[PDB]
Structures are given as structure tokens and as C-alpha cells.
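Next comes protein.pdb, a file with PDB, C-alpha atoms.
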ATOM      1  CA  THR A   1       0.000   0.000   0.000
ATOM      2  CA  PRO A   2       1.288   3.528  -0.775
ATOM      3  CA  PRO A   3       0.977   6.352   1.777
ATOM      4  CA  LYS A   4      -2.433   8.009   1.590
ATOM      5  CA  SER A   5      -3.850  11.277   2.961
ATOM      6  CA  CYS A   6      -6.584  12.986   0.962
ATOM      7  CA  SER A   7      -9.646  10.842   0.335
ATOM      8  CA  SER A   8      -9.984  12.469  -3.097
ATOM      9  CA  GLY A   9      -7.111  13.819  -5.133
ATOM     10  CA  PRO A  10      -3.480  14.782  -4.536
ATOM     11  CA  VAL A  11      -2.374  16.961  -1.684
ATOM     12  CA  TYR A  12      -2.183  20.578  -2.898
ATOM     13  CA  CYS A  13       0.157  23.411  -1.943
ATOM     14  CA  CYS A  14      -1.896  26.619  -2.230
ATOM     15  CA  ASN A  15      -0.313  30.053  -1.877
ATOM     16  CA  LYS A  16      -3.526  31.268  -0.213
ATOM     17  CA  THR A  17      -6.717  29.851   1.281
ATOM     18  CA  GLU A  18      -9.958  31.608   2.282
ATOM     19  CA  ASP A  19     -13.134  30.481   4.054
ATOM     20  CA  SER A  20     -15.778  29.958   1.387
ATOM     21  CA  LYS A  21     -18.162  31.972   3.598
ATOM     22  CA  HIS A  22     -15.832  34.996   3.824
ATOM     23  CA  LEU A  23     -14.243  35.415   0.404
ATOM     24  CA  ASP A  24     -12.823  38.807  -0.526
ATOM     25  CA  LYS A  25     -14.312  40.574  -3.519
ATOM     26  CA  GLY A  26     -11.491  39.750  -5.950
ATOM     27  CA  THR A  27     -11.727  36.094  -5.044
ATOM     28  CA  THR A  28     -15.528  36.188  -5.354
ATOM     29  CA  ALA A  29     -15.254  37.999  -8.666
ATOM     30  CA  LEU A  30     -12.715  35.477  -9.986
ATOM     31  CA  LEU A  31     -14.990  32.560  -9.113
ATOM     32  CA  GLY A  32     -17.964  34.186 -10.845
ATOM     33  CA  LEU A  33     -15.759  34.705 -13.871
ATOM     34  CA  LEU A  34     -15.090  30.977 -13.828
ATOM     35  CA  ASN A  35     -18.812  30.288 -13.380
ATOM     36  CA  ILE A  36     -18.458  28.820  -9.870
ATOM     37  CA  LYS A  37     -21.508  29.156  -7.618
ATOM     38  CA  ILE A  38     -20.425  30.493  -4.216
ATOM     39  CA  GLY A  39     -23.549  29.286  -2.405
ATOM     40  CA  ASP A  40     -22.793  25.699  -3.451
ATOM     41  CA  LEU A  41     -19.243  25.831  -2.032
ATOM     42  CA  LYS A  42     -18.097  24.359   1.285
ATOM     43  CA  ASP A  43     -14.888  24.713   3.324
ATOM     44  CA  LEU A  44     -11.970  26.570   1.820
ATOM     45  CA  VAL A  45     -11.154  28.193  -1.518
ATOM     46  CA  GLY A  46      -7.523  27.848  -2.534
ATOM     47  CA  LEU A  47      -5.703  30.303  -4.798
ATOM     48  CA  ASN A  48      -2.652  29.413  -6.874
ATOM     49  CA  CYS A  49      -2.453  25.774  -5.997
ATOM     50  CA  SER A  50      -0.058  23.065  -7.146
ATOM     51  CA  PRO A  51      -0.330  19.314  -6.479
ATOM     52  CA  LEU A  52       2.494  17.935  -4.352
ATOM     53  CA  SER A  53       7.475  20.449   0.214
ATOM     54  CA  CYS A  54       5.134  23.335   0.969
ATOM     55  CA  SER A  55       5.829  26.606   2.717
ATOM     56  CA  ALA A  56       2.202  27.753   2.264
ATOM     57  CA  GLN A  57      -1.063  25.805   2.911
ATOM     58  CA  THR A  58      -1.314  22.057   2.315
ATOM     59  CA  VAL A  59      -4.900  21.143   1.537
ATOM     60  CA  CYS A  60      -7.134  18.440   0.072
ATOM     61  CA  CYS A  61      -9.518  19.813  -2.529
ATOM     62  CA  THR A  62     -12.370  18.340  -4.520
ATOM     63  CA  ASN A  63     -11.709  20.483  -7.583
ATOM     64  CA  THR A  64      -8.926  22.501  -9.174
ATOM     65  CA  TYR A  65      -9.513  24.899 -12.057
ATOM     66  CA  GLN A  66      -7.319  26.559 -14.680
ATOM     67  CA  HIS A  67      -4.131  24.767 -13.650
ATOM     68  CA  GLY A  68      -4.599  25.631  -9.989
ATOM     69  CA  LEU A  69      -5.675  29.247 -10.352
ATOM     70  CA  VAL A  70      -8.612  28.428  -8.083
ATOM     71  CA  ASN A  71      -9.296  25.319  -6.036
ATOM     72  CA  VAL A  72     -12.545  24.686  -4.170
ATOM     73  CA  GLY A  73     -13.779  22.204  -1.608
ATOM     74  CA  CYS A  74     -10.434  22.541   0.142
ATOM     75  CA  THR A  75      -9.711  21.399   3.679
ATOM     76  CA  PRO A  76      -6.391  21.430   5.515
ATOM     77  CA  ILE A  77      -4.328  18.265   5.664
ATOM     78  CA  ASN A  78      -1.183  17.444   7.587
ATOM     79  CA  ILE A  79       1.180  15.079   5.815
ATOM     80  CA  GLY A  80       4.071  15.400   8.249
ATOM     81  CA  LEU A  81       4.909  13.366  11.327
TER      82      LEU A  81
END
For the structure just supplied, provide its representation as C-alpha cells.
Amino acid sequence: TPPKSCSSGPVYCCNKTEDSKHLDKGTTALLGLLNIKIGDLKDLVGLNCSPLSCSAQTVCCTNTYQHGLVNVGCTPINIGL
């Protein structure tokens, strides 16, 4: 068996995360641009995310858009000791 963490998807390293209930206007605007419905989102929104070393936020996300411009359905994950 290989090591496993996220139930769905790779671990992501996201430069920034925000609570999907308290997104700033630029983040909100960017998600509308991408046609993402805010009211159907849960947990965190990640910005500028790369699948996995991470000096920013390591998160599990259900979806990633535009090469990691925006992730959604993100929750923190600890893959250390």
C-alpha cells in the first residue's frame, strides 16, 4: 500500500486559502468569472495551488480549475509526522 492522505485527489500546496463563507471581492469575482456558484461551495477556496514540500497551505480539494488558479472544496491536511 502507498501512503495516503486525501480521500480524493493529490495533496495541494496553495499560496492562499480563504473560508468559502468569507471570500474577498477579488476572489468572489474570480470565481464568478469561472462560473463557480459560491452558495454551493463548502470549506476553503484555494488560490494558486499546485499538487504535491510546501511553505504555504497544504490542503485536500475536490476540484482545481485553470491549472490551480482556483481550487474549491479545500480542507487542511497534515502530511508530516
(message) What's around residue 52 (chain A) at 9 Å? Count all atoms listed in the file, leave out sequence neighbours fewer than 5 positions away in its own chain, and write the answer as a ChimeraX atom specification.
(response) /A:10-13,58
(request) List every protein, DNA or RNA residue that has at least one atom no more than 9 Å from (-0.5, 30.7, -0.8) in the file's coordinates, counting only C-alpha atoms, and write the result as a list in words. (result)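 Residues with an atom at most 9 Å from (-0.5, 30.7, -0.8): residues 13, 14, 15, 16, 17, 46, 47, 48, 49, 55, 56 and 57 of chain A.
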(request) Would you work out the distance separating CA of residue 22 (chain A) from CA of residue 5 (chain A), expressed in Å to one decimal? (result) 26.6 Å
(message) To test your reading of the syntax: which residues would the PyMOL selection byres ((chain A and resi 66) around 12) return for the file shown? Reply as a count of residues only.
(response) 17
(request) Step by step, work through what the PyMOL selection byres ((chain A and resi 21) around 8) selects in the shown file, and finish by giving those residues as a list in words. (result)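 After applying the PyMOL selection byres ((chain A and resi 21) around 8), what remains is residues 19, 20, 22, 23, 42 and 43 of chain A.
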(request) Name the residues that the PyMOL selection byres ((chain A and resi 78) around 9) picks from the file above, as a PyMOL selection string, using the file's chain letters and numbers. (result) chain A and resi 5+58-59+76-77+79-81
(request) Please indicate the distance in Å from CA of residue 24 (chain A) to CA of residue 45 (chain A), rounded to one decimal place. (result)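 One can read the CA of residue 24 (chain A) to CA of residue 45 (chain A) distance as 10.8 Å.
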(request) Just give me the gap between CA of residue 18 (chain A) and CA of residue 75 (chain A) in Å, one decimal is fine. (result)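 Distance reported for this atom pair: 10.3 Å.
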(request) Determine the nearest neighbour of residue 61 (chain A) from the options A:36, A:41, A:6, A:29, counting only C-alpha atoms. (result)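 Closest residue, counting only C-alpha atoms: A:6.
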(request) Would you mind telling me which residue in A:26, A:53, A:60, A:39 lies nearest to residue 73 (chain A) when using all atoms listed in the file? (result) A:60
Mind completing region 20-36 of chain A with N, CA, C and O atoms? Output as an mmCIF file, keeping the file's coordinate frame, please?
data_model
loop_
_atom_site.group_PDB
_atom_site.id
_atom_site.type_symbol
_atom_site.label_atom_id
_atom_site.label_comp_id
_atom_site.auth_asym_id
_atom_site.auth_seq_id
_atom_site.Cartn_x
_atom_site.Cartn_y
_atom_site.Cartn_z
ATOM 1 N N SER A 20 -14.794 29.748 2.439
ATOM 2 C CA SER A 20 -15.778 29.958 1.387
ATOM 3 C C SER A 20 -16.959 30.815 1.832
ATOM 4 O O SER A 20 -17.742 31.240 0.976
ATOM 5 N N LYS A 21 -17.120 31.069 3.131
ATOM 6 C CA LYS A 21 -18.162 31.972 3.598
ATOM 7 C C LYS A 21 -17.695 33.417 3.650
ATOM 8 O O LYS A 21 -18.533 34.320 3.687
ATOM 9 N N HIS A 22 -16.389 33.666 3.615
ATOM 10 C CA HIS A 22 -15.832 34.996 3.824
ATOM 11 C C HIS A 22 -14.808 35.348 2.751
ATOM 12 O O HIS A 22 -13.706 35.822 3.032
ATOM 13 N N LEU A 23 -15.150 35.098 1.494
ATOM 14 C CA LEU A 23 -14.243 35.415 0.404
ATOM 15 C C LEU A 23 -14.183 36.917 0.191
ATOM 16 O O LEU A 23 -15.197 37.615 0.327
ATOM 17 N N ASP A 24 -12.991 37.412 -0.148
ATOM 18 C CA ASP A 24 -12.823 38.807 -0.526
ATOM 19 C C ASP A 24 -13.376 39.022 -1.932
ATOM 20 O O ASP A 24 -13.647 38.075 -2.675
ATOM 21 N N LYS A 25 -13.575 40.291 -2.293
ATOM 22 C CA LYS A 25 -14.312 40.574 -3.519
ATOM 23 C C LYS A 25 -13.571 40.098 -4.763
ATOM 24 O O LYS A 25 -14.205 39.646 -5.724
ATOM 25 N N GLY A 26 -12.243 40.266 -4.808
ATOM 26 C CA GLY A 26 -11.491 39.750 -5.950
ATOM 27 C C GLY A 26 -11.650 38.248 -6.094
ATOM 28 O O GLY A 26 -11.889 37.722 -7.187
ATOM 29 N N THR A 27 -11.534 37.532 -4.979
ATOM 30 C CA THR A 27 -11.727 36.094 -5.044
ATOM 31 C C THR A 27 -13.143 35.760 -5.504
ATOM 32 O O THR A 27 -13.334 34.927 -6.392
ATOM 33 N N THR A 28 -14.150 36.417 -4.920
ATOM 34 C CA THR A 28 -15.528 36.188 -5.354
ATOM 35 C C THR A 28 -15.664 36.454 -6.835
ATOM 36 O O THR A 28 -16.294 35.657 -7.575
ATOM 37 N N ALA A 29 -15.168 37.635 -7.262
ATOM 38 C CA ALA A 29 -15.254 37.999 -8.666
ATOM 39 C C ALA A 29 -14.592 36.938 -9.544
ATOM 40 O O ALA A 29 -15.133 36.564 -10.596
ATOM 41 N N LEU A 30 -13.409 36.454 -9.152
ATOM 42 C CA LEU A 30 -12.715 35.477 -9.986
ATOM 43 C C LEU A 30 -13.513 34.189 -10.114
ATOM 44 O O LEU A 30 -13.535 33.561 -11.179
ATOM 45 N N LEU A 31 -14.173 33.773 -9.038
ATOM 46 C CA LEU A 31 -14.990 32.560 -9.113
ATOM 47 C C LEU A 31 -16.237 32.757 -9.978
ATOM 48 O O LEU A 31 -16.670 31.825 -10.669
ATOM 49 N N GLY A 32 -16.851 33.940 -9.944
ATOM 50 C CA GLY A 32 -17.964 34.186 -10.845
ATOM 51 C C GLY A 32 -17.520 34.147 -12.288
ATOM 52 O O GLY A 32 -18.145 33.494 -13.132
ATOM 53 N N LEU A 33 -16.403 34.799 -12.571
ATOM 54 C CA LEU A 33 -15.759 34.705 -13.871
ATOM 55 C C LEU A 33 -15.637 33.267 -14.338
ATOM 56 O O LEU A 33 -15.910 32.961 -15.501
ATOM 57 N N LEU A 34 -15.201 32.376 -13.460
ATOM 58 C CA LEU A 34 -15.090 30.977 -13.828
ATOM 59 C C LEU A 34 -16.406 30.231 -13.694
ATOM 60 O O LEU A 34 -16.424 29.004 -13.851
ATOM 61 N N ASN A 35 -17.501 30.921 -13.381
ATOM 62 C CA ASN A 35 -18.812 30.288 -13.380
ATOM 63 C C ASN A 35 -19.001 29.354 -12.193
ATOM 64 O O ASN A 35 -19.691 28.345 -12.303
ATOM 65 N N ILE A 36 -18.375 29.650 -11.062
ATOM 66 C CA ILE A 36 -18.458 28.820 -9.870
ATOM 67 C C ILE A 36 -19.470 29.455 -8.933
ATOM 68 O O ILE A 36 -19.363 30.642 -8.607
#
